[PDB]
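**Q** My questions will all concern the structure given below.
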2 protein chains.
Amino acid sequence: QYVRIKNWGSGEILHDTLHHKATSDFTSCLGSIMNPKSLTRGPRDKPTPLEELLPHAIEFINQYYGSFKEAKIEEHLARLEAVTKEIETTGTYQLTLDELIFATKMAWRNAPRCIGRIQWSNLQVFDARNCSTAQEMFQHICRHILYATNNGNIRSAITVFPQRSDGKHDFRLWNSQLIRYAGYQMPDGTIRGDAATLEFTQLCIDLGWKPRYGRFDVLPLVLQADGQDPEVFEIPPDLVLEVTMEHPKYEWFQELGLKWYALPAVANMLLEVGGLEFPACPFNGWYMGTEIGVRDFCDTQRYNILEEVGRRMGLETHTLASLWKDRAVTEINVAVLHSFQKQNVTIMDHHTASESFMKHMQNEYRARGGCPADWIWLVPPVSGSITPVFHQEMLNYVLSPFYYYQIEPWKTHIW
Amino acid sequence: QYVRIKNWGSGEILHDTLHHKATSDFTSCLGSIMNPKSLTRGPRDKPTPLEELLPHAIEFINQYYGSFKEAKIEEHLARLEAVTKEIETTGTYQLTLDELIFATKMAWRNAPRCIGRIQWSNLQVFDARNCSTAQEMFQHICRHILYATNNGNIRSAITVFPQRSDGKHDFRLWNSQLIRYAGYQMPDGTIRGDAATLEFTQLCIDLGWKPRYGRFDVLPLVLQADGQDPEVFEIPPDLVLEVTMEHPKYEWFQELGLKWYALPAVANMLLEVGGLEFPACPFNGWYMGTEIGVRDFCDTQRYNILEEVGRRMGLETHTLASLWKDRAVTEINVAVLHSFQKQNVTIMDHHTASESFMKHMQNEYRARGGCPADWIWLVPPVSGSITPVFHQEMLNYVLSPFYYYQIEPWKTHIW
Ligand code: HEM
Ligand code: HEM
Ligand SMILES: NC1=N[C@H](CCNC(=O)c2ccoc2)Nc2c(F)ccc(F)c21
Ligand SMILES: NC1=N[C@H](CCNC(=O)c2ccoc2)Nc2c(F)ccc(F)c21
Ligand SMILES: C[C@H](O)[C@H](O)[C@@H]1CNc2nc(N)[nH]c(=O)c2N1
Ligand SMILES: C[C@H](O)[C@H](O)[C@@H]1CNc2nc(N)[nH]c(=O)c2N1
């Protein structure tokens with residue numbers, strides 16, 4: 001009938017009906033869409049039909065065993081055999097720790113929106129499939145954060161919780177990411193903290209979390225284990241490393257009293273592998289300057305600090321043509337970069353980042369003749385063409401294993 | 001068997017075979033591809049089958065007449081009738097001047113890669129469908145350039161040459177754009193001028209054009225009329241307005257001896273409307289700073305001036321993390337912006353540009369429930385997220401009329 005389009009800036013929505021008047025095939029392209037269904041893996045009410053499971057499972061095992069040099073046909077056959085048997089006897093099956101590690105890295109490799117994939121091989125895997133309570137999740141999460149942070153020397157890691165069984169017993173981290181500041185609608189009408197986390201913050205407030213009404217209050221873990229309602233847990237402050245923002249030239253920069261957490265970790269995605277689904281598998285890598293300097297600090301819908309960094313630089317903040325914005329954003333980026341380096345916290349600029357990916361992409365094409373890539377995500381939010389990936393044509397397809405998005409729990413959860 | 005992917009930076013090519021291992025529908029997305037077939041309209045050996053023409057023609061006329069308020073049912077019916085008759089009697093048909101104007105603006109509106117579409121309504125249309133020789137094209141082109149340039153006060157315009165008849169009598173501007181500097185491979189191994197125009201420059205050399213071996217030699221018009229071979233014509237210098245590059249603060253900027261032409265006009269695209277095809281319809285709008293400042297000046301494959309603008313600013317050009325590139329590019333952009341403004345030549349920054357489009361997009365969605373948009377093209381090559389369109393989800397589909405790309409003539413032309 002019509003497609004919905006969202007403007008993540010003003011939040012407005014539009015209904016497109018004109019596309020119906022389109023022509024032949026043409027490579028209605030939904031490329032610019034943030035969360036399309038093709039990238040979401042939703043709820044389930046029953047186990048996965050065996051007819052679908054067994055095939056996918058067999059495929060995964062052949063991939064796994066066909067993965068290493070000096071094949072192990074016996075182990076391979078035995079495993080195929082072993083897995084089939086386990087499926088007809090249990091209705092599902094369990095991956096060996098090695099297959100799990102393999103799945104997590106391949107899924108990573110298969111993440112078309114990640115520019116850090118040259119690191120795919122270096123990944124720590126915390127096996128928590130035996131987890132059973134929310135309290136145990138909290139412990140596992142805390143361990144993860146502590147491990148990954150490594151006192152500023154960031155290390156990539158992921159922890160796998162119990163795989164979805166019937167769909168009515170899913171483990172789910174309700175947060176979008178492990179660490180993330182909250183946003184409050186002040187009584188004077190203004191907004192403090194992360195404007196983008198207003199709702200979720202309310203959700204935590206509603207679940208008993210006590211608001212501290214600050215600009216950088218680290219939100220709480222909202223965990224749901226097995227299938228029960230979500231329980232709230234504050235993250236032990238000693239575990240949230242942060243970087244205070246300061247400019248290498250403008251002393252008035254820290255006067256802005258800005259800072260950001262050092263750990264970038266996605267918390268609400270689903271890991272799909274060999275037919276199995278893991279609705280809870282938080283993972284982390286490390287930051288790319290522009291994420292904080294450009295998106296977090298300069299997005300209108302976020303901290304929105306461009307205007308004042310502008311005036312502080314004594315720019316013509318009232319004349320767009322002056323290009324003051326391009327001037328300020330760069331200085332902010334320099335602040336972030338400088339601060340992370342000074343405080344010995346791993347981070348990387350977008351230029352170094354792009355060249356890195358290009359190398360990955362070529363290695364990838366030589367090793368397996370391809371590399372799924374979402375150009376719209378791989379091109380940094382500043383200096384796009386100054387980057388190699390901007391000039392690189394890319395193909396974006398969904399392989400498997402894969403890290404999918406999933407419907408926000410608070411929407412499809414019965415208390 | 002496999003898809004080809006190109007890196008417009010290094011020019012390297014990769015063969016993707018992995019995509020075959022993809023899964024369900026998912027909104028192999030070819031979004032990052034520069035020239036997909038879905039966006040190209042190629043050669044033809046025979047007229048358009050009447051069975052296809054008549055329907056498209058009728059659609060176009062119903063669009064045209066259903067376009068204005070206070071309908072003209074009589075004129076509409078008469079026209080439908082008149083057009084049908086003309087098709088069975090001639091095998092084709094001729095658009096009235098108004099329909100042509102309508103088609104050109106709608107096609108413009110339907111250009112998903114254009115951020116200047118808020119201007120769609122203001123377009124000058126030079127009717128040259130009666131053109132018959134290359135010399136006459138040259139005259140028409142010259143007029144166009146002169147009109148559009150308007151002494152720096154740029155005006156958008158397009159000139160329509162004879163519509164494709166049998167496919168073996170096409171008018172074609174071999175150049176990609178009206179004005180464009182040439183690139184030569186010097187004997188010392190270096191490259192002077194526009195590195196990206198090396199081949200085409202050779203093509204002009206091969207057709208008798210005399211190289212001037214400069215950094216900014218305006219390439220010649222390589223015109224082919226009716227169906228005959230292409231004839232070469234140098235553009236009268238008095239018609240090519242240029243802007244000398246100078247920085248509002250660094251006096252050493254002009255020491256770089258840089259400049260750029262003021263007229264941005266695409267020359268090799270095809271206009272598809274009501275079943276009719278126009279393989280030659282050069283059009284122009286005006287520049288957006290980043291085009292010159294970022295793409296032309298900073299692309300590796302183009303003038304590649306980043307490195308030296310960097311040293312000239314006394315930056316750490318050997319430490320990517322220093323973000324010197326983000327610093328230089330902004331200054332270059334300021335140079336371009338400043339220079340065009342100083343010399344009274346129409347131009348616009350990317351920030352003003354984005355807000356403009358956003359307005360267009362909302363107007364468009366209200367007026368017709370949609371607006372085809374290629375996010376990958378609409379987001380500027382610098383300060384992406386600092387722009388509103390970066391946060392705007394977009395749908396990219398091909399409507400009609402439409403401006404298509406076409407195969408490079410020198411590839412499918414028999415002399
Ligand atoms: C070694 C360091 C790593 C770096 C520097 C890195 C960097 C990035 C960046 C810059 C983004 C863009 C985020 C955004 O625009 O919101 C991203 C996205 C992504 N990365 Fe990586 N990453 C790393 C490791 C990983 C790991 C270990 C995984 C998984 C095991 C992974 C999975 C993904 C996924 C799924 C996305 C998409 C997130 C989304 O769609 O919201 N990355 N990464
Ligand atoms: C009034 C001023 C206009 C401005 C400021 C404008 C600006 C732009 C810019 C910045 C691009 C990107 C070019 C690139 O990245 O190479 C573009 C693309 C495009 N514009 Fe507009 N434009 C204008 C008028 C027009 C007109 C009058 C037409 C047609 C009648 C048009 C048709 C297109 C098309 C087809 C593209 C795609 C070109 C390609 O795919 O290579 N534009 N325009
Ligand atoms: N470097 C990474 N950035 C984002 C996750 C962190 N994003 C946030 O914390 C956030 C999103 C909006 O506002 C804040 N994506 C990542 C991922 F999916 C995996 C590993 C990473 F290293 C990152
Ligand atoms: N402003 C515009 N830029 C480009 C055409 C000009 N591009 C070039 O001249 C060029 C491309 C590569 O190197 C130079 N696209 C445009 C278009 F298709 C129509 C009107 C325009 F205003 C532009
Ligand atoms: C590979 C990629 O599509 C290409 O390098 C880009 C992306 N988007 C673009 N955006 C615009 N406006 N113009 C361009 O030339 C390109 N090229
Ligand atoms: C609408 C558009 O898709 C959205 O605003 C963008 C584009 N690409 C992106 N690129 C990255 N890496 N991260 C993002 O959040 C986005 N969001």
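Convention: chains lettered A, B, ... in structure tokens order; per-chain residue numbering from 1; ligands numbered from 1 as shown.
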Could you give me, as a list in words, every polymer residue with an atom at most 7 Å away from an atom of ligand 3, counting only C-alpha atoms and all ligand atoms?

**A** residues 177, 179, 180, 264, 265, 266, 283, 284, 285, 286, 287, 288, 291 and 296 of chain A

**Q** As a PyMOL selection string, please: the residues near residue 34 in chain A (cut-off 12 Å, only C-alpha atoms, same-chain neighbours under 5 positions excluded).

**A** (chain A and resi 4-8+39-40+113+374+376-377+405) or (chain B and resi 27+375+390-395)

**Q** Using only C-alpha atoms and all ligand atoms, find each protein or nucleic acid residue lying at most 9 Å from ligand 1; present the set as an NGL selection string.

**A** :A and (34-35 or 104-124 or 154-158 or 176 or 264-266 or 269 or 281-291 or 295 or 347-348 or 350 or 353 or 377-378 or 380-381 or 402-405)

**Q** Based on the backbone DSSP call, show me all residues of range 118-259 of chain B assigned strand (DSSP E), as an mmCIF file with C-alpha atoms, in the first residue's frame.

**A**
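Wrote it out as states-v4.cif, contents follow:
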```cif
data_model
loop_
_atom_site.group_PDB
_atom_site.id
_atom_site.type_symbol
_atom_site.label_atom_id
_atom_site.label_comp_id
_atom_site.auth_asym_id
_atom_site.auth_seq_id
_atom_site.Cartn_x
_atom_site.Cartn_y
_atom_site.Cartn_z
ATOM 1 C CA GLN B 124 15.062 26.396 -19.132
ATOM 2 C CA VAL B 125 14.342 24.091 -22.040
ATOM 3 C CA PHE B 126 16.044 24.557 -25.404
ATOM 4 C CA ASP B 127 14.121 22.627 -28.054
ATOM 5 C CA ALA B 157 18.965 24.487 -18.445
ATOM 6 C CA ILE B 158 18.723 21.518 -20.786
ATOM 7 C CA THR B 159 18.631 21.163 -24.559
ATOM 8 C CA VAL B 160 16.791 18.263 -26.161
ATOM 9 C CA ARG B 172 25.198 11.662 -28.783
ATOM 10 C CA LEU B 173 27.539 13.931 -26.853
ATOM 11 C CA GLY B 183 44.341 14.681 -18.363
ATOM 12 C CA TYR B 184 47.631 13.771 -19.998
ATOM 13 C CA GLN B 185 50.198 11.081 -19.260
ATOM 14 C CA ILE B 191 50.097 12.938 -14.939
ATOM 15 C CA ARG B 192 48.953 16.499 -15.667
ATOM 16 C CA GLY B 193 45.396 17.756 -15.295
ATOM 17 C CA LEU B 221 33.066 18.634 -27.667
ATOM 18 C CA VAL B 222 33.002 15.243 -29.381
ATOM 19 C CA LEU B 223 29.673 15.299 -31.147
ATOM 20 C CA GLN B 224 27.910 12.700 -33.241
ATOM 21 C CA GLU B 231 33.139 15.371 -35.079
ATOM 22 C CA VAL B 232 35.372 17.376 -32.753
ATOM 23 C CA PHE B 233 34.802 21.008 -31.764
ATOM 24 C CA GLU B 242 36.385 29.802 -14.446
ATOM 25 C CA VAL B 243 37.070 30.597 -10.805
ATOM 26 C CA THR B 244 40.635 31.064 -9.615
ATOM 27 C CA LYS B 259 40.987 27.025 -10.484
#
```

**Q** From the set A:308, A:299, A:349, A:355, which residue has the shortest atom-to-atom contact distance to ligand 6, counting only C-alpha atoms and all ligand atoms?

**A**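 Of all the options, A:299 lies closest to ligand 6.
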
**Q** May I ask which of the residues B:89, B:343, B:319, B:153 is the closest one to ligand 2, counting only C-alpha atoms and all ligand atoms?

**A**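 The shortest atom-to-atom distance to ligand 2 comes from B:153.
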
**Q** Of the candidates A:334, A:388, A:17, A:345, which one gets nearest to ligand 5 if we count only C-alpha atoms and all ligand atoms?

**A** A:388

**Q** So that I can check the surroundings of residue 276 in chain A, please list as a PDB file with C-alpha atoms, in the first residue's frame every protein, DNA and RNA residue that reaches within 9 Å of it, counting only C-alpha atoms and ignoring chain neighbours fewer than 2 positions away.

**A**
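What landed in selection06.pdb:
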```pdb
ATOM      1  CA  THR A  48      12.300 -24.482  14.511  1.00  0.00           C
ATOM      2  CA  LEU A  53      16.841 -27.071  10.991  1.00  0.00           C
ATOM      3  CA  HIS A  56      20.903 -25.489   7.839  1.00  0.00           C
ATOM      4  CA  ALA A  57      22.682 -27.456  10.560  1.00  0.00           C
ATOM      5  CA  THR A  92      17.667 -29.244  18.419  1.00  0.00           C
ATOM      6  CA  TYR A  93      21.402 -29.531  19.036  1.00  0.00           C
ATOM      7  CA  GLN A  94      24.390 -27.981  20.769  1.00  0.00           C
ATOM      8  CA  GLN A 163      20.176 -20.327  22.366  1.00  0.00           C
ATOM      9  CA  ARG A 164      16.483 -19.747  21.743  1.00  0.00           C
ATOM     10  CA  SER A 165      14.640 -22.977  22.453  1.00  0.00           C
ATOM     11  CA  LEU A 271      23.286 -14.509  16.321  1.00  0.00           C
ATOM     12  CA  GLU A 272      22.010 -16.865  13.641  1.00  0.00           C
ATOM     13  CA  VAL A 273      24.102 -19.967  12.913  1.00  0.00           C
ATOM     14  CA  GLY A 274      23.354 -23.418  11.533  1.00  0.00           C
ATOM     15  CA  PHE A 278      20.925 -16.695  20.011  1.00  0.00           C
TER      16      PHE A 278
END
```

**Q** Between A:312, A:385, A:341, A:208, single out the one closest to ligand 2, counting only C-alpha atoms and all ligand atoms.

**A**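 Using only C-alpha atoms and all ligand atoms, the shortest distance to ligand 2 belongs to A:385.
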
**Q** May I ask which of the residues A:331, A:408, A:75, A:217 is the closest one to chain B, counting only C-alpha atoms?

**A**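 Among A:331, A:408, A:75, A:217, it is A:331 that comes nearest to chain B.
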
**Q** Find the residues around residue 139 in chain B up to 12 Å (only C-alpha atoms counted), leave out those fewer than 2 positions away in its own chain, and share them as an MDAnalysis selection string.

**A** chainID B and resid 126 128 131:137 141:146 159 221 223 233:236

**Q** Applying 9 Å and only C-alpha atoms, which residues near residue 196 in chain A remain after dropping the ones on its own chain fewer than 6 positions away? List them as a list in words.

**A**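 The residues satisfying every condition are residues 182, 183, 301, 302 and 303 of chain A.
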
**Q** I need the residues from that last selection saved to file as a CSV table (one decimal), in the first residue's frame (with N, CA and C atoms), if you can.

**A**
```csv
chain,number,residue,atom,x,y,z
A,182,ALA,N,22.1,8.0,29.8
A,182,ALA,CA,20.7,8.2,29.8
A,182,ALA,C,20.3,9.6,29.4
A,183,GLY,N,19.0,9.7,29.0
A,183,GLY,CA,18.5,11.0,28.7
A,183,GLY,C,17.2,11.4,29.4
A,301,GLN,N,19.8,15.1,17.1
A,301,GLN,CA,19.1,14.2,18.0
A,301,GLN,C,19.9,13.6,19.2
A,302,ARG,N,21.2,14.0,19.3
A,302,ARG,CA,22.0,13.5,20.4
A,302,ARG,C,22.5,14.7,21.3
A,303,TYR,N,23.8,14.8,21.6
A,303,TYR,CA,24.3,15.8,22.4
A,303,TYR,C,24.3,17.2,21.8
```

**Q** Using only C-alpha atoms, determine which residues lie at most 9 Å from residue 21 in chain B, disregarding the query and same-chain residues fewer than 4 positions distant; provide the list as JSON, numbers by chain.

**A** {"A": [398, 399, 400], "B": [17]}

**Q** Considering only C-alpha atoms, state which residue in the set B:313, B:389, B:58, B:50 is at the smallest distance from residue 251 in chain B.

**A**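 Looking at the shortest contact to residue 251 in chain B, the residue is B:313.
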
**Q** Among range 131-375 of chain A, which ones does DSSP assign to alpha helix (DSSP H) (computed from the backbone)? Answer as a VMD selection string.

**A** chain A and resid 134 to 149 198 to 206 289 to 290 297 to 298 306 to 312 324 to 342 350 to 368 375

**Q** To one decimal in Å, tell me the separation between CA of residue 309 in chain A and CA of residue 358 in chain B.

**A**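 So the two atoms, CA of residue 309 in chain A and CA of residue 358 in chain B, lie 24.5 Å apart.
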